[PDB]
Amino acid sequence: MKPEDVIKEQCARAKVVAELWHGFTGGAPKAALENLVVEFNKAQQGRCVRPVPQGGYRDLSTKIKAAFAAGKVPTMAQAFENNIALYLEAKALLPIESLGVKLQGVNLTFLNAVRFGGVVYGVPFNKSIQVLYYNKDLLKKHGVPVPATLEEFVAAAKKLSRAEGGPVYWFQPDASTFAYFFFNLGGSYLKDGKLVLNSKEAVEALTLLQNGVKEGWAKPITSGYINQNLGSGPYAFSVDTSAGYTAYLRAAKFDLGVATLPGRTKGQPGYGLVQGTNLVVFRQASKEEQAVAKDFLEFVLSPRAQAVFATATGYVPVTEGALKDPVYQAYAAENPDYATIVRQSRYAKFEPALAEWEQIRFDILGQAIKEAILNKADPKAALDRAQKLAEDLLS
């Protein structure tokens, strides 16, 4: 009896079913969402949430695009901030506080991100931060401390790659990985209100990655997640979402480490990219569906729900109350990596919340990074093309 089979049975016997479209394809995130929903549905008297997998997050935004074109939206969906900005152009979203969901206690890093013209339009649900994953055994073998600075990180990657005869810093050539280097080299995506993809810091960040590939210390990962590639060649480090935590733990044959990100100096950890999603509630939903959404959103924000979901996955608990929940405290007491994730979540930056950002980050910025890393494009030339395409899209 799979959780999704139990949910099907729950919704079949329910009088009111609120659909929740999501972008979890599998692993711990999907299981954890389905377990949270089974528990919620059990407590409700014939009022249920039906999670509907729409593929990954890009497939989900496409599926919601189609739903608007069709005139039939779900009750709830996952949404990045840029997705929220786009759904707001259509006035498609209910203000959350209008349902009477209380938001006091939600981390301001996350709550600020779903506030548009002073009004909250999403509930932070599955919010991730980048962390430094590392191979404790390989660092101990070679006497290499966990790097605290970008300088130490590069030095460590070079020393270990030479010692092991393979590039030990593994990365996906994507917008998310680029953001870590860009932000910690002093980069900002907006200058005087304008999106800029081709700033000196952007070029420096993309040049550092390309040089690491050329110099034999940085390993591009082009097929699957990093954790799905472990076992093939020496691995020391990656910068990756905390939502992958339990996938790394399951895959690693070595003693997995999690550290805060390397920063410019030891005075502060590096900034990590916030990813994962918020839940939104569509205006088109019936009063009865909207009341299910209200109850489900209070449940998602409850310390126990947050504690079980964050500890199952690596997501950052979105409320102060979650950290005080005994189930959270029990996991943290046995495993210091959960506290590491929360400490890193204090040093957190977001990409721009432009409605067009999904398209820019994958089709324009992501493509420029792939051109430079995989096809040896000149970093400034690749990012100048990106800038021109983004300027053209945003005009």
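One-based numbering along the sequence shown.
A.B. asks: Which is higher on average in the deposited entry, the C-alpha temperature factors of 218-226 or of 92-100?
C.D. replies: According to the PDB entry, the answer is 92-100.
A.B. asks: Of the two stretches 162-170 and 255-263, which shows the higher Cα B-factor on average in the entry?
C.D. replies: Comparing averages over the C-alpha atoms only gives 162-170.
A.B. asks: Highest Cα temperature factor in the entry, among the options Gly56, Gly26, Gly366, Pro352: which one is it?
C.D. replies: So the option with the highest C-alpha B-factor is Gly26.
A.B. asks: Among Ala66, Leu60, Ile341, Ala31, where is the Cα B factor highest in this entry?
C.D. replies: When the deposited C-alpha B-factors of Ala66, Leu60, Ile341, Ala31 are compared, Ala66 is largest.
A.B. asks: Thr75's Cα B-factor: lowest, middle or highest third of the chain?
C.D. replies: Middle third of the chain for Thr75's C-alpha B-factor.
A.B. asks: When the deposited Cα B-factors of this chain's modelled residues are ordered and cut into thirds, is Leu185 in the lowest, the middle or the highest one?
C.D. replies: Middle third - that is where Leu185 ends up once the chain's C-alpha B-factors are sorted.
A.B. asks: Compare the C-alpha B factor of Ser232 with those of the other modelled residues in its chain, then answer lowest, middle or highest third.
C.D. replies: Highest third - that is where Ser232 ends up once the chain's C-alpha B-factors are sorted.
A.B. asks: Going by what the PDB entry lists, where does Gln284 fall on CA B-factor within its chain: lowest, middle or highest third?
C.D. replies: Answer is highest: the recorded C-alpha B-factor places it there.
A.B. asks: Would you please rank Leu297 by its C-alpha temperature factor against the other modelled residues of its chain and give the third it falls in: lowest, middle or highest?
C.D. replies: For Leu297, whose C-alpha B-factor we compare with every modelled residue in the chain, the answer is the lowest third.
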